[PDB]
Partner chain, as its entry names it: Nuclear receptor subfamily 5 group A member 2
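Consider the single chain below, provided in structure tokens and representing the form deposited without the partner chain.
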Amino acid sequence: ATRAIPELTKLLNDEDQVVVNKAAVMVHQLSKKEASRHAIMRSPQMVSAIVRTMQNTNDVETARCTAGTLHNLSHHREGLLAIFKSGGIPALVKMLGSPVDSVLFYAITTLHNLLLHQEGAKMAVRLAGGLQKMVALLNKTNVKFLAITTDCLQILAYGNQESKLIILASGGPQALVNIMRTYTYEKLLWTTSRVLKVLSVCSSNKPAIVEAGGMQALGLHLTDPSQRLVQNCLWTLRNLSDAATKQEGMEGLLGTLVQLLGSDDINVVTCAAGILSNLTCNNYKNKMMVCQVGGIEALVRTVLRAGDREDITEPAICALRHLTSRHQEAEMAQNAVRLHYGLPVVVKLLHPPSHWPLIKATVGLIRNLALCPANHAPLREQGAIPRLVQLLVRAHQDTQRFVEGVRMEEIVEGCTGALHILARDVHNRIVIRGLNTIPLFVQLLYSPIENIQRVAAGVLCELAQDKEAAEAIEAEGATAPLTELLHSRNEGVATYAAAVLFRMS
């Protein structure tokens, strides 16, 4: 082994322009034999001459035979340490701009092997400007090469907000989204989705990914037989979904997310419910398409199937809340929840062991369902009013004296808001009045939150249309605060306060 070796090493070590071409091909033949290859290592001047000549040469093969070696030393744990000591990482990064496809494949594979097994390689690649060189290579068309490059990006970007921002400034988001819409190679698509997943938690990369059409691109692979690709797409879709409210062309994605609600895998259902909940927030167009593809019917079945798991019911109720208000077919959606046996389970979610986030969403859903007169009776028979009164009284006591991410003022306003809509029915008014709620409604007029005064005065206005209730509202001393509420900056508070005062006289 170390026979010719020390002699062979000296033949490239002398170097120069005529010898390097023959010394590069010969060290490549020596790298092809494992014996010598082991000897090629352990010689610092040899490995350091392979990398040095690689960045200086300009011939036709230039880096091929030299990088051909370091491709083979990269297979050895000792060779990975050798390339690390030789300073090949900055030079291999320099070859990420080389024109030859051979060196590009050999350089990206050597850095890849270094990034997986060589300690301190991630930091050295960053210092050499490798991140920018790798993002610029995303315009290639060889999927095997693109899979190796994106994996390096995921290795470097994971747990490194610095690297995520550098990828952003290099046009990473748009380049990675293009790979999603162009190729079908599962290994490349899965790895590219892993990079986009790591980028989607960054507040700066999330809008840029959304603007690049990432939501539509990720939706193309939601029907792929590879569960790891669909699950990674769904995780990335849920991260970006809060910033995708202005996106169009979502008809195909929204239809597939509805189908995924029937899946047996909880992570698929949990994500699809969360994405639909975010995409339907303040988007009447998305509310319409989701309703047209049977989204109400699918979300009720999902809430029924879920039961106790709040990771599914909380987003599914939130989506059901969005779909039942403020769009053209909202009235049909409020009827649809009833027709699909949804009213019993919705009122059930108001009771323990439900937590405050799910209870908050469920109250907002009941407020929207109560807008449909055909829901006034069944919501009463299911016991919605007595539970909503108990939630309102308890949340108001906590206010006078953030529980799981929910301020109790939101429960006060939501419960009083739902009761305001339910009070339109005359039988609900008897139930609401029989619970001695007027003394609390009058007290709610003094609340500092204007939105609480609005629903408090509105529900008092609905009750005051009966003489017995109007007389009771007067006996509660409600004339005094309603007089001050006539000067409210909120237009709704002033109009409701005038309606109760007129009915009292």
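Heads up, when I say rigid core I mean the largest set of C-alphas that superpose within 1.5 Å between the two forms. Residue numbers count along the first chain shown, from 1.
Form solved in complex with the partner chain: not shown, discussed below.
The listed set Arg380, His221, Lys133, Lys197 contains one residue whose heavy atoms approach the partner chain in the entry with it bound to within 4.5 Å, identified as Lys197.
Though the partner chain is absent from this view, in the entry with it bound it lies within 4.5 Å of a heavy atom of just one residue from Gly307, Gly405, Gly97, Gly249, which is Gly405. The partner chain is not shown here, but in the entry with it bound it comes within 4.5 Å of a heavy atom of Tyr158.
Contact check for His396: no non-hydrogen atom falls within 4.5 Å of the partner chain in the entry with it bound. In the entry with it bound, the partner chain stays beyond 4.5 Å of every heavy atom belonging to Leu257. Among heavy atoms of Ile430, none comes within 4.5 Å of the partner chain in the entry with it bound. Here the marked residues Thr141, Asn178 and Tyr183 all miss the partner chain in the entry with it bound; none has a heavy atom within 4.5 angstroms. Of the candidate stretches 87-95, 336-344, 297-305, 235-243, only 235-243 contains residues with a heavy atom within 4.5 Å of the partner chain in the entry with it bound.
Along 253-268, one residue reaches a heavy atom to within 4.5 Å of the partner chain in the entry with it bound: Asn267.
Core-superposed comparison between this form and the one not shown: the C-alpha position of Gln443 differs by less than 2 Å. Put the two forms on the same core and the Cα of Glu474 is off by less than 2 Å between this form and the one not shown.
The rigid-core alignment places the CA of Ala63 2 Å or more apart between this form and the one not shown.
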